[PDB]
Each structure stands twice: as C-alpha cells, then as structure tokens.
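A.B. asks: Residue numbers (the UniProt record's numbering), protein chains in the order written: chain A, 123 to 183, 194 to 454; chain B, 11 to 183, 194 to 454; chain C, 245 to 454; chain D, 11 to 183, 194 to 244; chain E, 367 to 454; chain F, 101 to 133; chain G, 101 to 133. There's a structure below that I have some questions on.
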Amino acid sequence: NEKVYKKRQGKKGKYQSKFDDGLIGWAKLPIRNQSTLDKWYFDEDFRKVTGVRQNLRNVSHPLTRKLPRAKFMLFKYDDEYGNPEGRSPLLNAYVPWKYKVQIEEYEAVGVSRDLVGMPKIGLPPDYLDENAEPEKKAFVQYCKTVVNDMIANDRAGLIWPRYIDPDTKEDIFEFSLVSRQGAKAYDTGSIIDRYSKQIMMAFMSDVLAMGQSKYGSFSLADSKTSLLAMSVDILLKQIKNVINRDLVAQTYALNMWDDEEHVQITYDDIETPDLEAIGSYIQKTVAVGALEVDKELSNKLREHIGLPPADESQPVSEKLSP
Amino acid sequence: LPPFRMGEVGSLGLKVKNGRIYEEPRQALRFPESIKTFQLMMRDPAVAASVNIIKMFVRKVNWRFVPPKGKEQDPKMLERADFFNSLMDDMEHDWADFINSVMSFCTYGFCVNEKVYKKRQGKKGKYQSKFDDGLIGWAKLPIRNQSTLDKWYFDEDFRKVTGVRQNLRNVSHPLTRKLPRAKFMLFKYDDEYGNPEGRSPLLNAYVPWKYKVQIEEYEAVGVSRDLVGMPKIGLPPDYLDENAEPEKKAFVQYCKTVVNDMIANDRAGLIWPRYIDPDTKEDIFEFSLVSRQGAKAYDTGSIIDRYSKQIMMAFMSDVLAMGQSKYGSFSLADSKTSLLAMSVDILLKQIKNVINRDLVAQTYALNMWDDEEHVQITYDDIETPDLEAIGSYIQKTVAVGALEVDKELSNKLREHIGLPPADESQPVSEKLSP
Amino acid sequence: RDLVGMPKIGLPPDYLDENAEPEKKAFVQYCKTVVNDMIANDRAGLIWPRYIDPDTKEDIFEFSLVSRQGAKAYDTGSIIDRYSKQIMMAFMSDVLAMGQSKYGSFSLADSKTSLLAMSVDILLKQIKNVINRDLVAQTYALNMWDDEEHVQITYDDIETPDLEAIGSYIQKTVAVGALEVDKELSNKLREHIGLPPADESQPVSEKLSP
Amino acid sequence: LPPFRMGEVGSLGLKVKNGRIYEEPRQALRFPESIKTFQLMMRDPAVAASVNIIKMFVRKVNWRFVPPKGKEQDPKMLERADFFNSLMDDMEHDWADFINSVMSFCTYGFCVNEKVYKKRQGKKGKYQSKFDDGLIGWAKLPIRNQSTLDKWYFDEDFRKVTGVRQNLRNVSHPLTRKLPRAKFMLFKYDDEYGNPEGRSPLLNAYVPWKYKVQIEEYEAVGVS
Amino acid sequence: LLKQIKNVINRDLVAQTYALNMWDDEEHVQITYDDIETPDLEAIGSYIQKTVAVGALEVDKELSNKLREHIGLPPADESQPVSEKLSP
Amino acid sequence: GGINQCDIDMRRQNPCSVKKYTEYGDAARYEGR
Amino acid sequence: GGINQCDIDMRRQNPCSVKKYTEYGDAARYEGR
C-alpha cells in the first residue's frame, strides 16, 4: 500500500479536507496490485529491500514506475527467512485440492458416459444399404423414429419380427438393452469426502462443516477460544505492528514533532465473552472481599453490554422504584 | 532509486480495456454474459434460499439519525438530526423500498442509485412535499439497472472512476446518457483492488451448481428412459406384410390393441398360440418382458446431496437444512452469534458507511452549512439478545456493587422488551399493590 | 486408469484397410464419430448390423462394454486413514481431528492442560533460557556493568484459565479464613479479566449505587 | 462528462415492450401464461401448504390506528385516531375480508385494490353508513383480478407507472376500462428494479416442482 | 410482508383521505399491527424479577400495561382492588 | 406403442376400451381430464 | 441416436412426435422451452 500525504488547508489544494490547521495528514492509502509487482531491489549484498518496480504494460496500457522502500508499507502473512513475498496459506492445501478436483472431474465424466440400459437394434446388413428396396428403407426410418422417441409410458410396447435361422438357431433380428458385467473398482465419494476434510483441516476451519459447538468460542477474551480465532489474533497483531512502526513514525517526522512517545493504534475483540461465567466469577471473588472494585472495573463490565463507561449525574431515582 | 516524494507514484493496476473491466478471465462471468449466468444460478433452490435469507436479514433492521459523538445533547445537533430524519420520509417512495432496491448487489455484486434533489416549497414545484421551509431535500433515489450500465470512465491514468454510461437501446426503445461520479452512489459487496463492479458472492458456488444441475438432468433423463419390464411381441415376418391375408391383419390389429391397453388388473391374462419348430426347437411366437443385465455404475443421489451441501457451505447458510440450533443466535448483541449474522453485519456497515460518506456530505454542501460535524445514520439489531443470561449477569454484578447503575442502563434494559426509555410521572401506585 | 464400462467396437479386419472401398471407409468414420460423441442422453440408441456366421455361430459384428472379473484386493481408504492418524499421533496434535474437547485446556495455569500445551511450554522455556544466558550477559559486559544480578525475561500464559473453578476455590478457601488475602492476590485475580493491577483513587461511588 | 445537475438524468431501464413487462425470459412465466402456470403449481401439496401457512400467519394479526409519535396524548390526534378507526368498520365489507383479498399477491406477486369513497350522510345516498357527520370516508376497497390486468401505462420515458387497463372480454362478457395510478393501491411481494408486477415467490420452486410431478407420474405409470 | 402492507396503506390511503377532507394537521395517524403470538412467559418473568430486585430497571405504568398485555388483560383499573375481606 | 401423438389421440376415441386411472400427460394439462 | 445436433434440431420439427418432459439441454437453455 502506497502512502500519500497532503496539507490540511481545508479546500485550497489538490486534495481537500475538513480541517484548515495546515498540518500534514493522510490523503489515501491506495493498493498496488500483486500481479503488477515485477522486480525487488536489494542493497549491495542482499540484507534488506530498498524498493520495488511496478510494470503496467498489460494493464490497459511511463509504463514502468519505481517506488523506494520508504514510500510504502509491506504486510506479510508469514515472514520466516525475511522473504519479501511472505508465504501464502494456500500452499498447505495445494495437494489435497489438486487431487480433489481431478477426482471430481473423473466422477462427473463417468456419470456422463455411463451407458448401461440403452436400446440396441440389430438388423441384417442388407437393410442398411443405400440401394435397398423401399420397404427396407421405410423399416429403417421407422426404427430410427422408435430409437429417437421411445420413452417409459403407459402405452409402451413393441411388435417386432421374429425369425430363427434353421441352421444357426439364432434370431436374425433382435431388440435388447446393452448390459455390463463388472463394477467400478473405486468409490469416488469417500475419496472426495476425505480430501475435502483434509483441505478443511489445513486452515483449522472445521467449524464450517461441524457447526458451532458449545465447547468453542470466537471471543479472544473468553477461555474457550478456538484455533481459528487464535490465528486471526496473530494476523491482527501483525497488521497493528506494521501500521504502528511504518505509518505513525513517518507522520511524526513530516510534522517535525518529537514527543518521546508515539500514540499506538489498538483493536477490539471479535465477539464479547460469555456473561454467565464472568458474572459468577465477579460475584464469588467480590463477596469475600478478595478483589478490589475500581471504576475501571465498572467501565470494563459495562463494555460487555455495549454501554458507555459511566454517567455520574443521571441516577435511577426513587420515584420510579417500587 | 528516486527519492521519497509526497503524492502518488503508481496506479491501481486494474485491467480495464476500452471501458470494460477484464478482471475475471472466464468469459461466462464477465459483463455481457454475467447478466444471464447469474439469473441462471438463481433458479437453483439452494442458491436462491441462501441469497434470500441474507436479503431478508438486512431488510429486518430499522434506521435512524443520531447526533455525532461528543455533542449528543447539543440542541443544534438535535435539530439537524430531526431535519435529516424528516428527510427520510419525504421522498417519492418509502425508505424501505430504497433499502430493498439496494440489496440487488447480493447478486450482481454492485448497485448504482442516482441522487435527485428538490426544494421544500410545499407544493409549488415539480416535486411536492409536506414542508415549506425552502431548504434542500431528497426527492428520490432511483436505481439504475445493472444490465444497462455499459462503460466506466476513469481519469488520465486509471486512479479513480469519474463516471458511467447507461445504454437504453434494448430497454423498450437520447438513447444513451452519461452520469458523473458525483451524481450517484456506488455500493460494493467486496471491493478488493478497487474494482468498481465489486465481486458477486455467486462466484464461490459456480462450480458446485454447474455439477449439480448437470447430474440432476442426467438422473431425470435416466428415470425417463428406463425401459425394463415393457411387453414385447415377436411374430413371423410374414404377419407384418401389407398384402397379408385378412386373418393376419386382424391378428396384428388385436396385438396392437393389447399392447396399447394392457394393464395390471384382476382380469389380466393371456391366451397365445404356441408352436415349437421341429428342427429348431424354438417357439416361433413369443410374449415376454424386456430384461436388463447390469446396474448403474454410479449413485446419483449421494453426488447430488454432496454438491447441495457444498453449495450451502459457500454462503455459510447451513441453518437452512440443520434448523436453528440452540448453540447459535441471530442477535449481534448476544455472545453466540452465527457466521451468517456476522457477515450480514459487514454488509450493514458497508451500507452505513457509503450512505454517510456520499449522501449526507453532499446534502450539507448544497444547503451551504458548516457545522464542524455531521449527523450519522445508525442501524439497530437484527434480533434482541437472550434475556436470561443478561438478567443473571446484571443481578450478579449489581448485587455486589461492582457495576454502577445509570439511567442509560435502565433505558437500554427497557429496549430489550420493546419499551420506551422511561416515564418519570406515572408510577405504579399503592392503591393497586397488595 | 479404471476403464470398466467403456464402449468397444469389433469389425472384420478388411474394414480397417487403407485401400478398402469407400463404403467401408465411411462406415469406419461414422464409427469413430460415434465413439467420440456418444453420451447418456434421452435420445441414446443404436442401429447396428447383425449377421451370425452359419459355420461359427458367432456374430461377426459386435458392440459391448468392457467387463472386469475381480476386485481390488486392498482397501486404500482404511490404510490412508490409519497412516494419517499415526502421523497426527506423533505430534500429540489429535485436537485437529477430534475438535476441542471440554476435558482438555490450552491454559498452562489450569489443571487440565493438554500435552500439546505442555510441550509448547518446554519450547518456550528453552527460548527463554537461551535468550537470558546468551544475549543479556553479553550486553552487560559491553556496557561495562556489574550488578551482581541480571534482569530476566519472562513470558505469559497462552490462554487464561477457567474462571468458575478459580472463583469457587477462592470463595471456599477465603470464607473459612484459611487463605490470607493480599494485594498481590487482587492483582493476580484482576489479570484473568485483562484489568491493570489496581487503582486506589477512583472508587465506584454512592451516587451511582441503588 | 456533463457537470453535476439536480434532477434525474437516466431511467429505470425496465424492459417494457408495448405495455407488457418482459423481465422474465421464460415464456411459461410471463403474463399470459403465468395465470395458468401458478395455478398448476398450487396443486402440489407442498407448495400449497407452504403458501397457506404464510397466508394464515398474516391473517392472524389485528390492526389499529394510533396517534403519531411525539403527540400521543394530544386530544386532536386522539379524535383523528377515533375517526380513522371508525372508518375501518363502516365499509360495505369487513376489514378482515379486505386483508384476505390482499394476500392474493403471495401467488401472483402483486395485487391491485381500487379505492371508492362516499359521504357519511347516514342513509340518504347510494352508499349507506352509521354516521351522519357529512365527512368523507371509505365505501369499499374491491380487488381487481390479476388475470384481467392487461397493459401498464408509463410516463414519457418510463420512470413511473401512470395507469393500468382492465380487459373484461372473457369475464362473462364498455368491455375495457382504464384506471389512473391515483385511483388504486399496489402491493408487491418483492420490488427490486421497480417492476410493477413484483416477483412471485413460486419462481424459486419452479424447477423442483417440475421434476417432482414428472417423476411421480412416471412411478404411478410403472406401478400400473 | 406485514411491514410492506403497513407502509403501502399508510402512504397511499391515509394521505389521500386527508386531502379529500381538506385537512392539514402537520402529521398523520399511522396504522400499526400486533404480534403473531405472545412471547414466552417464564423468561420474561425471570428477567423482570432479576433486573428489578436489584433496582437497575425503572418500573413504570407503561411497563405494567405491557406486562398485562401478555395475558390478554386491559391496561389497568384504578378503582377495583382486590380487598381484605377475601384475603386469608 | 405410445410413440406417436396422432396415433394416441386417434385411439383415444375408441369407446369400447378400458379406462386407465392416469395417462402420461396428466401432470401438464391445465384442463385436467 | 442423439449424436448430431444438426439432426436433433431437424427431428424436433415433427408435429406428430410425443412431447418429452425434459430434454438433454434443458439445464442450460436461457429461453426455456
């Protein structure tokens, strides 16, 4: 994401704003597509990344631009060995997906081409000639119509010629449905299900198929958190650290400020924790006087029901209390 | 490398080509063909139900205008909130209808609504109203169909969208009109990479649907053409001739009648000629039902069920088949929310942000106002939370004095049973208390 | 490579010659088209020549689907599942397939810890010891300091322990006066709900208490 | 690009053609054929039960007139509420019957009810009443059958509906009448894109029903 | 569906009736509907008891009226109290 | 049998023929019978 | 049978042929029928 700055002169500039204090602020944080990033620049002996090049030849038609490292932020899913491109989580599921799609295609083709039970007509070779007599041609045309239009119906029936050769004892005409002997050697359903479960295990996202069990929770402040939430916490911490270390520090420098400290950006919980357990815990540990009740404790306890910290001038009054 | 400089240096890198986005490689899911493909997918009961539940959840919520935080009790902000609230109900169409039209982006992935303004001069104008204060308000927020939007305009080097063109040649018969970006709002289901058309949620379920419908068609055709057990008649070739004797013709006609009219009945029976040739030992006549040897190699029911479950998993809407379990809840204020509700929350926040950033700001400018702040539109919960848990929690944490009871707390607690905040002049009295 | 059920066509050898008459060539081309384009459909059907040789009593033409006699001697699904379970057992990470049971916990301060957490504790202790013994000591030397002691780096818990059990235990053991309540105890009890140690100037006041 | 301007610049983009909506591509689900297709679908027990439960739920509820918020105790608003409440029970037919006729849009996706007014002069008029105050009240809210509505009228460039035409040639034998938009109410099950005919809920179940009835017929014939 | 019907009625019928009668009140009376089925009683009773025993909920006459609606009783009667002579 | 619509309709005119409970096209005739 | 589209569409023109409830391509016809 590239960093763009502006002056807060209200509206007398290329970029407008709601403030006229004249400080330095953020104009926008555009994304640079991954499919366009082409080359990475390093220092003399490959110790750090100094820049990147964006190629714009195929993007709807200078065609190439270069960005120094100080001009953008870089987020990484997993940064072992200091690889600038990180490591995509899809690498873990590459093989199960490759097997699953292939087997699904095989099963679909097999279902399409399963031909057991289709009608078949056998006629003497002389019926299929082009110079045959008109009667044979009419017979063949009627056979074609029957083959095209026969369906299971309350009037389904056949009247067919029957003649057994005296010297061969085999009918010269025939009408039958093609038959098959063996059966498929593999059960594709079980294999596909196994590979789907394997894929779901890579991301630790089995909740999609097993539903939300009562033994797991999505809250990070509750002592039942699931692995999915625990990993999302890692991702959130990564984002927070990158923002704090890359964006705020440069903003301080541009404004020419030195405060000995920097304000930090922090996030909130995904879902509020369970209320019964917390209530019982507070009651038990405060009834005996082993926990010091504080205004901050009240503020936190009010957060769990979406209320502001406190109001010290509007108490529920006697006139509405039985 | 160039030195650090303020201001943009690159570009989004979008694949626009002659005003048409080419992000999606499959031809079946680009602009011209996506209008039909999405309508084909909505015919499947699973996809239709999954989309409709999401649409229903959003329309269940109420909207309201509130003062910005930090200035809640300022009378000026209250008057601004009242004005903006009155603006909602003064349109040519109901606000609920507007929200309904917005949800069309659950299918195409985006929606465009044009903004139309009017003067509140009561009734002495093209657009009428209930107020005569002469301010600037909203006349309506019509939708522009997605199937008509044709070309997108960008700036010099593709950094932002500056307009759009609507083509009206096929819509019941100028035929083309152009809208600047400032003249309409744009809602997007998912806006990674800054694609103006967003990303439809139907893309995730494209393959399972394609397999499922095809296999269902195959199964139906197989059931139709399964012919095991039908009667069959075999006659000597000379019976089927056109010059045959009258007796053979009558025999063939009777055979035809039998074939047409034979059914399982309490009088079912046959009397048939029987003659075995001396030199072949095979009956010359025959009556039998066609037989089949093998069995179908695949079980279509299991495959169809698997693909239906896969489709339902894409939208995280398994509640349709598994019912409403007691471990999940539809309330966003309850600590058991399900993934469907969590995602509907994302959609609601997107709508709220778009409205606040696009409509209110321009309304302030037109009226020539500068208040240092803007009233924000906020929504409510889908379903009230569980009452037993909240009651027990409040009781436990207030019995020990660890929670400060406040009038706002009473107001909030009354909201869960649909009561107004408070009434400080009508108390339940002694005369009706045992 | 499972090929059971594919169509097969048998023709007299003279139909496959290169100098054959045009009729036979057209017949072979049509057979190729059929083989390529035949699918299960509502119009599926065949009209095929049929001639039984007088002296062999076997059809010279044929149309049939290849058949197979035996069945695979081994069930690969069971073997693969067994080996997957064996792999998962090596790391003691069966939680991935069995879900998070209520009898196990990820907290090291809770008396239900699972083997995975117990081993992660070993790894964390290894990292802590290496850091303390290798990095801090050298930093002291470079700065030319001698304090008789070194500050130690310590880590925190993976997940907070269960609250109901701890609350009941504290209540039971403090109601009878068998446990000495201390400010450190209050600080620790506040840590389990993410609160700072204490605040001794901002008490909840009478005006907000019913 | 043109500069920003107040007032509409485009159009809904509806596919109206000669007064008939062509939104639905399948011929079996457009105006002339939809009157019969929907009646065919209602014969299936599953679809019938699903529609009937929804219809029953709506008819279970009661209706009432209340003062607008902010002026609940104002006597004038109470008198207005009383007048409007009395209006409900003074019609030629019961209010419950009117709500019953409205639910026909659970099948066709929309409904049209014409508005008829009268003077409350007691009994000295074409329409009678229990009151003699001389105000204006409701005489009845008749339904107009969906199978008779033929053509929809729009403005110059298809921005709104201005009227509708009812054809009465096949209904037991002027044969055609025109109603302006101000003369009737329009209820819609689902009104995305501003389609006057809405969207029937039966469209979602069209394919499963088509397969189910066909397979049932095949099974019955086979048993026979 | 019920909200759709309510909105259509309010926006189409009442407004025109006001115009025909030649009235301008700055506001229009709105038609509103009721619930399909009464809610569960045990949960509501327990919730009210728990939140009123600690004094965190302000009891009001409107609250009594609403609580009486769940058993099909009118809002209140302030002249006919159950009397001592029938109380053990 | 039952392959030609014209044949089916022609043979439906015979009065002396037993009557089936259901025929093939019963599910699509708006007019029943 | 049913291997050539140019033949299927020609055979569809026969008026005296029994209607089928479903055909092969029904699942992808935008227009229906």
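No residue lacks a Cβ here, since even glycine has one placed at the ideal position from N, Cα and C.
Can you round the beta-carbon distance between residue 281 of chain C and residue 108 of chain G to whole angstroms, since I take them to be within the 8 Å contact cut?
C.D. replies: With 8 Å as the limit, residue 281 of chain C and residue 108 of chain G do not qualify as a contact, their Cβ atoms being about 12 Å apart.
A.B. asks: Using a threshold of 7 Å, state whether the C-beta atoms of residue 380 of chain B and residue 90 of chain B are closer than that.
C.D. replies: Cβ atoms of residue 380 of chain B and residue 90 of chain B: not closer than 7 Å.
A.B. asks: Thinking C-beta only, is residue 310 of chain B closer than 7 Å to residue 101 of chain F?
C.D. replies: Not in contact: residue 101 of chain F and residue 310 of chain B (Cβ atoms no closer than 7 Å).
A.B. asks: Could you name the residues of the same chain whose beta carbon sits closer than 7 Å to that of residue 175 of chain B, not counting the 5 residues immediately before and after it, in chain order?
C.D. replies: Excluding positions up to five away in sequence, the list reads 160, 161, 196 and 198.
A.B. asks: According to DSSP, is residue 141 of chain B helix, strand or coil?
C.D. replies: Note: residue 141 of chain B maps to coil in three-state DSSP.
A.B. asks: If we count the other Cβ atoms within 10 Å of its Cβ and call it buried at 16 or more, is residue 110 of chain F buried or exposed?
C.D. replies: Result: exposed.
A.B. asks: Using the three-state DSSP reduction, which class does residue 383 of chain C fall into: helix, strand or coil?
C.D. replies: Residue state, collapsed to three classes: helix.
A.B. asks: What in chain B is Cβ-close to residue 144 of chain A, meaning under 8 Å?
C.D. replies: Within 8 Å Cβ-Cβ: nothing; residue 144 of chain A doesn't reach chain B, min ~15 Å.
A.B. asks: Evaluate residue 407 of chain E with the Cβ neighbour count: other Cβ atoms within 10 Å of its Cβ, from every protein chain shown; 16 or more gives buried, anything less gives exposed.
C.D. replies: Exposed: under 16 other Cβ atoms inside 10 Å.
A.B. asks: Can you find a CB in chain A that lies within less than 7 Å of the CB of residue 125 of chain G?
C.D. replies: No, residue 125 of chain G does not count as interfacial toward chain A.
A.B. asks: Could you tell me how far apart the beta carbons of residue 154 of chain A and residue 124 of chain A are, in whole angstroms, since I believe they sit closer than 8 Å?
C.D. replies: With 8 Å as the limit, residue 154 of chain A and residue 124 of chain A qualify as a contact, their Cβ atoms being about 6 Å apart.
A.B. asks: For residue 431 of chain C, which residues from the same chain have a beta carbon less than 7 Å from its beta carbon, with the 5 sequence-adjacent residues on both sides left out?
C.D. replies: Only 441 and 442 meet the Cβ criterion.
A.B. asks: Assign residue 205 of chain D to one of two classes, buried (16 or more other C-beta atoms within 10 Å of its C-beta) or exposed (fewer than that).
C.D. replies: With 16 or more other Cβ atoms within 10 Å, it is buried.
A.B. asks: I believe residue 148 of chain D touches residue 87 of chain D by the beta-carbon criterion, under 8 Å. Please report the beta-carbon distance rounded to the nearest angstrom.
C.D. replies: At roughly 20 Å, the Cβ-Cβ gap does not stay under 8 Å, so residue 148 of chain D and residue 87 of chain D are not in contact.
A.B. asks: In chain order, what residues of the same chain lie with their CB nearer than 8 Å to the CB of residue 32 of chain D, ignoring the 5 residues before and after it?
C.D. replies: The residues are 25, 26 and 40.
A.B. asks: Got a sec: is the Cβ-Cβ distance from residue 215 of chain D to anything in chain B below 7 Å?
C.D. replies: With 7 Å as the cut-off, residue 215 of chain D does not count as an interface residue toward chain B.
A.B. asks: Cβ of residue 425 of chain A within 7 Å of Cβ of residue 415 of chain C?
C.D. replies: No. Outside cutoff.
A.B. asks: Grouping DSSP H, G and I as helix and E and B as strand, with all else coil, what is residue 275 of chain B?
C.D. replies: In the structure shown, residue 275 of chain B sits in a helix (DSSP, three-state: H, G or I).
A.B. asks: In angstroms with no decimal places, state the Cα-to-Cα distance between residue 304 of chain A and residue 250 of chain A.
C.D. replies: Going by the C-alpha atoms only, they are around 20 Å apart.
A.B. asks: Can you pull the chain D residues whose beta carbon is under 7 Å from the beta carbon of residue 285 of chain A, in chain order?
C.D. replies: Result: 241.
A.B. asks: So the candidates are C/452, C/344, C/275 and C/448; which of them puts its Cα closest to the Cα of residue 427 of chain A?
C.D. replies: The candidate whose alpha carbon is nearest that of residue 427 of chain A is C/448.
A.B. asks: At a CB-CB cut-off below 9 Å, which residues of chain D make contact with residue 119 of chain F?
C.D. replies: None at all; the shortest Cβ gap to chain D is about 12 Å.
A.B. asks: Would you say residue 310 of chain A reaches chain G, if we count a Cβ-Cβ gap shorter than 7 Å as a contact?
C.D. replies: Chain G contact via Cβ: absent.
A.B. asks: Please tell me whether residue 448 of chain A has its Cβ less than 7 Å away from any Cβ of chain E.
C.D. replies: At least one chain E Cβ lies under 7 Å of residue 448 of chain A.
A.B. asks: Rounded to a whole number of angstroms, what is the C-alpha to C-alpha distance between residue 307 of chain B and residue 335 of chain B?
C.D. replies: Distance between the alpha carbons of residue 307 of chain B and residue 335 of chain B: 56 Å.
A.B. asks: For residue 80 of chain D, tell me which candidate among B/79, B/92, B/73 and B/83 has the shortest Cα-Cα distance.
C.D. replies: When only C-alpha atoms are compared, the closest one is B/92.
A.B. asks: I'd like the ranges of any alpha helix (DSSP H) spanning at least 4 consecutive residues and lying wholly in the region 262–326 of chain B.
C.D. replies: Taking only runs of at least 4 residues, the alpha helix (DSSP H) segments lying wholly in the region 262–326 of chain B are 266–281.
A.B. asks: CB-CB under 8 Å to residue 165 of chain A, same chain, minus the five flanking residues each way: which ones, in chain order?
C.D. replies: For residue 165 of chain A, where only same-chain residues beyond five positions count, the Cβ hits under 8 Å are 172.
A.B. asks: Would you report the Cα separation of residue 210 of chain B and residue 116 of chain B, rounded to the nearest angstrom?
C.D. replies: If you take the alpha carbons of residue 210 of chain B and residue 116 of chain B, they lie about 10 Å apart.
A.B. asks: Report the neighbours of residue 116 of chain G on chain F: residues whose CB is nearer than 7 Å to its CB, in chain order.
C.D. replies: In chain order: 104, 105 and 106.
A.B. asks: Mind listing, in chain order, the continuous alpha helix (DSSP H) runs of no fewer than 4 residues lying wholly within the region 22–54 of chain B?
C.D. replies: Runs of the alpha helix (DSSP H) inside the region 22–54 of chain B: 41–51.
A.B. asks: Terminal residues of the continuous beta strand (DSSP E) containing residue 425 of chain B?
C.D. replies: Neither: residue 425 of chain B is in no beta strand (DSSP E) and is coded neither H nor E.
A.B. asks: Where does residue 133 of chain G fall in DSSP's three states?
C.D. replies: Residue state, collapsed to three classes: coil.
A.B. asks: Which residue wins for smallest C-alpha separation from residue 286 of chain C, given the options B/358, B/15, B/245 and B/50?
C.D. replies: It is B/245 whose Cα lies nearest to the Cα of residue 286 of chain C.
A.B. asks: Give the straight-line distance between the Cα atoms of residue 151 of chain B and residue 99 of chain B, rounded to the nearest whole angstrom.
C.D. replies: Approximately 12 Å, taken between the alpha carbons.
A.B. asks: Are the C-beta of residue 281 of chain B and some C-beta of chain F separated by less than 7 Å?
C.D. replies: Cβ-Cβ to chain F under 7 Å: yes for residue 281 of chain B.
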